[PDB]
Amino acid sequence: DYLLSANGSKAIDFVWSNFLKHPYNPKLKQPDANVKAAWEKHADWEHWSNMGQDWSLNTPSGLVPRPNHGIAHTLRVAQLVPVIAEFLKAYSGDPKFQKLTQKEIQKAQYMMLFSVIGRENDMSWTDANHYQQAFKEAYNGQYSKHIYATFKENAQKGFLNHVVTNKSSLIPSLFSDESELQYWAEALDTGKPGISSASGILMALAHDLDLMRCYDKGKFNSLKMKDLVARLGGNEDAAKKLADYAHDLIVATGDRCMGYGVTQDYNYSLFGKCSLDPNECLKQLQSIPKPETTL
């Protein structure tokens, strides 16, 4: 509901125009020859080609950059936030979800719009660690700045640039004061915030659910589904209805689904409409009914 608010739509337009519609960084497409060789020594690491994975996607309506972390992904994880929050209040039994206010839910949803704007490639945190160590091995202990640290500062500066000229709209209708705005500026990280509070968990589950778009069924059920079921008081049925909703949002945007339910490849036509026009993407997400807490 808040994605249609004045603050929400403005944040959506900002992250799209300034970050999400722009290509990745060519320098971070692959490691150098030396780092590659050190990377290739670890036959237990995923290949260094992870830095170049999901660079862009060809589509009837145009070339879609960062297809795995674009506007479609961003809008979905935001759409999931208030829905998951209502499922947690009903099925968790955990007091800190009960103390979650509507205001905090709106902020959590708002912050997820900035969750992946700092990315310069599609590599994971586990991939970025591999780069740093492989770099260190190839150059005998030489320091290299962690790529996700660069991602965070990029996202921060983007967030700071937006909120600084819209303080009157954000405070106090969304953020109570500048200090609470300061809290989220420091908490903002790639994918999910570094906090483990009520809002932090809520935002983490939204990010985790949408990972069914790029995770195989085996990895998704083991790494993501179990703690979602565990978060809802071991209610696999409630977790299923939530995952069904995340699935339907992905299908609605023509995105690929690999880890849950009726899997599918890209719908290049539909995915292109949504990935190149946030309002068209939002319109598709609105075609899916909000799941009620009852089974």
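Numbers follow the displayed sequence, beginning with 1.
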Hey, which bit's got the bigger mean C-alpha B factor in the entry, 11-19 or 280-288? 280-288
Stretch with higher mean Cα temperature factor, 218-226 vs 151-159, is 218-226
Name the residue from 38, 238, 246, 63 with the greatest C-alpha temperature factor listed in the entry. 38
Between 26, 67, 261, 233, which carries the biggest CA temperature factor in the record? 26
Based on the deposited C-alpha B factors for this chain, I'd like to know if residue 265 is in the lowest, middle or highest third. middle
For residue 31, return the chain-relative third of its C-alpha B-factor as stated in the PDB record: lowest, middle or highest. highest
State the tercile, meaning the lowest, middle or highest third, of residue 242 with respect to the CA B-factors recorded for its chain. middle
By the entry's values, the third containing the CA B factor of residue 89 is the highest
If you rank the chain by CA B-factor, which third does residue 118 end up in: lowest, middle or highest? lowest
